[PDB]
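Heads up, the chain shows up twice below as structure tokens, two forms, tagged structure 1 and structure 2.
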Structure 1
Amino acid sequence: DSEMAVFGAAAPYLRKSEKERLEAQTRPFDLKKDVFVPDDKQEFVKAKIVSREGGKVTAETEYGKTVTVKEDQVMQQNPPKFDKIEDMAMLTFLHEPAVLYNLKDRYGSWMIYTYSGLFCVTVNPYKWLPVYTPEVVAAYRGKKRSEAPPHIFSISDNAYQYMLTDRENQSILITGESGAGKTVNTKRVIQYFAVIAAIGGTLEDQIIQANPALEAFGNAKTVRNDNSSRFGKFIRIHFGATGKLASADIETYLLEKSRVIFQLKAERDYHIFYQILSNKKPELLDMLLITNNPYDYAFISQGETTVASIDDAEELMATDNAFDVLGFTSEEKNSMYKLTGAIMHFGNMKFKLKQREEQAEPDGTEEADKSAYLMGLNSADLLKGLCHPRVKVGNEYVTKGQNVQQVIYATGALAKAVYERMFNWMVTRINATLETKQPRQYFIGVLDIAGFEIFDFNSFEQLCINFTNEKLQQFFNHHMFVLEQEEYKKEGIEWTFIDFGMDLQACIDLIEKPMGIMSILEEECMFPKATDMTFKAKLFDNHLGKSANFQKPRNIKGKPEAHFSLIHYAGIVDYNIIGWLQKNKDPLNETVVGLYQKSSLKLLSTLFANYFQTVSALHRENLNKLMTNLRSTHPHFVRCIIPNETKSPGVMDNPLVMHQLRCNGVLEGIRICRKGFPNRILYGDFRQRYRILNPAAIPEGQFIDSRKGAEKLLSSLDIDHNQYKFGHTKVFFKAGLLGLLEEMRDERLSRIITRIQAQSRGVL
């Protein structure tokens, strides 16, 4: 296609063909008849009105079924010239099925990205597409969102152009459920900035390879997504004043550290454990005293060890190379396989009660002997200190007799803690390689928090993930719907505050505040006699009937026992409260940690060096640190939509996507663009950029007030004076009018350039 020639082989997946762009205007269409009507098994269906029956209406659906629906509920189709429109704000009719059927029609030819005014909607295709080839990065460079079709490269590029123009730090905030596409879209953003910087060192590649290193240790197969990324990641890319790639920093906010020892059915451990095994690689499995079968490792065997989607034998080589490119030295790279090897043995250690003494001692020794060799420990001191911890009580240490159940837990607590400290060290190792010391002024922070989750055993590790979602949407709701309406009244626009009905602070108050759920877990760590049944009672007495979002559990038949239900923004989640009081503090055996501090292995001695602050406190403070930082940046949202739970491509379930569109607030997010004034410019820059349009309206060199100058200027530009407004400090524009000025600006400049050529011929 001629216009699409710059996008190459990706062009059929970025615009409809030059045939269809014309042929769609030929479609049969009666505006009086083409409507959407509601239906139960599929949220809306296209229909033709058959008759009017006063305040009722009768219609024939697209599937030929007759329907009768009330006239306030039947709702017009968008007319066919708007089919597959690239920026849905410009629809003639905007409503629930309009955004639904437009997204289905773009997805119905695998055009996946779509704009929604100030943000984007990304449906997930479970099929790889050529739309990410590296020549398309060059085709996207420097274009406006009004020119090029919607794509993740366009949003990064628009964010980059805004950075250079307004001199303010950008953030790209990618949001959606588990399985929606947040990780790959983060990778594509990082891919764009890498390839741009590589056309114009090795930093450009290191920031690509910094992902698959972490994806080995931080991602694990769960039923919602085979590559579900169990940690929230915020990548700050740093750029110099010239705009070149300078450096990058990774932050990683929480890890599901209990997955190392506990897995549900249909789930894996972290990928590093299974790709060590599956490649059969003798350079590891002779250094680590492993045997090639996962099923005898008690930490790893439960759940599912293998999946059709992932070829671990190649993924191991990819991540072993990824540590090479990041510069991990060979002894250091081998060393972290040793701990990831030791953790497999560490769960196989058997312990037995002495028959009258009610104290546990090691049933065997060989699996402890393997672990102590890898961790660089004395096996005799390891098993002694594990079964006989010395706890300091002032002047004396008392020795506690561990029963067989609690010594098993103590191994689990140690295994978790080694893994989480090794992972968090690796991020600190990556950041130290990436700090290139190139000159710097601005940053672009790309965020993919762990997506909203509903498993069937919603333990504490899903409250922290679902609370993070509820804050980040409340960041979106604050930015798009409240701050966008505080600015209007502050600048004195003739505006009336609109109640969009999208606000969540009533539910965050149930979690974050000092008598919310995550505050009771901080009080009950102070009491030695607290227990989870007493904790659960303290919740109900404080919150049942004293908040709307806190409800009694709805135990369905089959589903495990659950102890309450929360009304989170995207669904009713039935948490299980067993064991949260240890999970919120998780204390280590102080003596065995003293052995890790005396390990010969330089890594493990570093991991526990300089080992009061709960898991929730450190989380909540870090999360409020994150969203303090984001408020000092201009956010670009990209919404991600999971179209199908079956993971089959192209088929879309209408109720499931409609639930996501509503709770992401996508419909309100477009309405504020059509109602409000999304583009706004300071009068100083308005004089500076746009006086070219009509220089005679305000002659520089003759003084005029910059406000009064703009007021004269726009009146002379033969444009509709209802589309713009004058505030105290800024001019404000309706949705399309900024584009109209840009088009008029380039047209006049081009004419001037032709006059420059013509005068040159004239003087010669």
Structure 2
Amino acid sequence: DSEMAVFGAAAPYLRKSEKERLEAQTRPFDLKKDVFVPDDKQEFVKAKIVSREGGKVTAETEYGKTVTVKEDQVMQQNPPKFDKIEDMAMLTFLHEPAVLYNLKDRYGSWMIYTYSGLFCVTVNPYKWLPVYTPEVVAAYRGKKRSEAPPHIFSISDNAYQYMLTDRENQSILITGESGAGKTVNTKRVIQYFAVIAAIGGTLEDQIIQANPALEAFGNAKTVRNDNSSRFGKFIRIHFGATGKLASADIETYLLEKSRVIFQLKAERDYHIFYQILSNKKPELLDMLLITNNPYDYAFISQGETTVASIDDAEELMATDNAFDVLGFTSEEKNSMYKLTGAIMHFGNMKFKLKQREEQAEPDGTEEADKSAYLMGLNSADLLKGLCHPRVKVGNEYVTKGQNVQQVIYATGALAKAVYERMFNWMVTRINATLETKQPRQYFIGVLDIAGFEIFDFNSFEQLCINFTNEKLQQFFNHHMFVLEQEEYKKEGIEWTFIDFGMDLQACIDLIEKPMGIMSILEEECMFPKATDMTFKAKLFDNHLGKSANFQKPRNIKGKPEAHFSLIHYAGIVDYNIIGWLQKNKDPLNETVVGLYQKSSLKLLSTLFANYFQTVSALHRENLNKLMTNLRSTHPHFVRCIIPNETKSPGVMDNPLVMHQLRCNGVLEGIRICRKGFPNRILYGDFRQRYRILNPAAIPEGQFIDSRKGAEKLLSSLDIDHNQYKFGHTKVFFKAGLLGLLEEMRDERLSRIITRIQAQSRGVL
């Protein structure tokens, strides 16, 4: 394309040049001979047929191996004009290796985005490409998918075009495992709308800073990613009737609060703890009494304290500035540092047994003094209330003396709760900005849940995020395959139902329903003498041999102990039950929480102002609230693919990519676009939009039924009359026909305006 000059230096990474296009069309190729054949180490390899034995085929691979395969299992290659094409729905042969090798060949030229009919696939580059500069934001503005190469800016503007045209709320549903590119692609959508609203500022910059401010406190280094978002996020970008940006809401779903006090080896705590320390920043290490290196503050010192990909000194100032731009006042910004400083000291407190009483006493009090000073508490009351809490059972009060191991747990639970409530506060404080009281009518909702994880030790939080991913997959499955085909039968289109097999309700019912895994947790936390082995027994008794997705654990040697295994969509996940009743119930020491309410630090008193509704129950209802509100939107999906486990750029592993293409239903999602009628318009809206293509077809002032007008109009265009169908109230278009009708509309808008201009000369 000669128009690629508007994309500047980004152009080689968005489209192949015409110099490369002429090489593609001049490849040696025989349509009868060039085929894909399966292989073990890499899922499919290109091959050339050398002989035929009826239903058996034998072929020579790209790597010179001989192979023999059955005729149902060998799949024709696309001819070389379909090299690296931008939308895989337009291929002539559509199958697994056609999608695999089209993505691999685009990614090998660093064209990381590809369309898949109605949705887009993103393959993670471990290299910052220049395709995201604000000249490319300008270059994507108002271009259609028929024009511009695929990009996250294309999806953003396409959703924005639907929002204004349909007058319907839109959503961008970004999906993928951990390490896939979900968070930066979220940021680019947020960058796109902000810069477009700047090209038209304070709200535009603040919306951009809202991400790195939350990343300091909400992201952490994990084995799959150095910047894993330990919280799910939904961003509603709000627009007015004229389409200009008007507000944003951030909502966050479930922070991994156990990370605050516990980390596995080979992973970090949250970035905030290490970035304060690693700059050795003179003001913060004196104000927070945290003078040391990180290996002595117990809560953060386990795991890894340094990561090569992150220069914590520069990331500190980036997020310190982020809170400045978001208008956190000096006392607020200092206070939220103070609580992170206190939490570091709060894990160093030492307790010992009193010599006869089976009761804890403080062993060392210097680190409690530091904690109480920063938290504005009284240190004597803190240590007393931590060891000897008052508990009440109606009007009866009694002191229960804590043992040394369970006062340590009480310090852990309090440290988690301060951090969680401070992170929740910070979100509400970011949403105190960004709400600008400008009027709004529509939103585009960008979702970036915590992606799917399989660790060497999976716990209750890994269950919550993997459940959240499975629900969002079933949202895709229901929208693409069930709700789509219901509308064909509802409108009376000649359609016979196709079973794609993409259904997950058996595994969601195993978790959600009132006898499922989480429903056992909400009652087993209520019985005071229940235990984790009592839970595991009741869990197995209800589900082992009664749900196909609930299996016995497969403990391989060397890996830790796991107590059951779930057959999730993205893979089998083995879960350890220890602590789940405590984690679900979340009992805080009410005496020390009473000290927190009386804190001199204005933040800490606010966090615990106002403190049956277990965290699994809250999660399930927040997630069910989300997807009911999400069904009231037009969804755009972005499939983020991690190509490679080792994080090395441009390297791509075919089994790991194919696993993600299969379980995300990518091939099926294209097939319903090719087979079905993916575009459709009400006859009233069709007449409203496209009468300009042939104004003589539908003469107005006479009454005409909307169905009767549209049926006449569509025959006169000289588009293919087989590419559309008529329903009771909608016309239904095949894959490419709306893209053709829009191009026909824009050239006819261009023709009429230039002739209006010609008349504006003709009057002179």
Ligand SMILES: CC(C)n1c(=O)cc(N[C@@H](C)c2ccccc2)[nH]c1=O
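Just so we're on the same page, rigid core means the largest C-alpha set that superposes within 1.5 Å between forms. Sequence positions of structure 1, starting at 1, serve as the residue numbers.
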Here the form deposited with the ligand bound is displayed as structure 2
Tell which of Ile698, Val45, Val731, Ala735, after superposing on the rigid core, has its C-alpha displaced by 2 Å or more between structure 1 and structure 2, please. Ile698
Relative to the larger rigid part, how many degrees does the smaller part rotate between structure 1 and structure 2? 9
What does the CA of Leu714 shift by between structure 1 and structure 2 after fitting on the core? Give it in Å to one decimal. 1.8
Fitting the two forms on their rigid core, what distance in Å separates the Cα positions of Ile756 between structure 1 and structure 2? 5.2
Cα of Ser154: shift between structure 1 and structure 2 in Å, core-fitted? 0.3
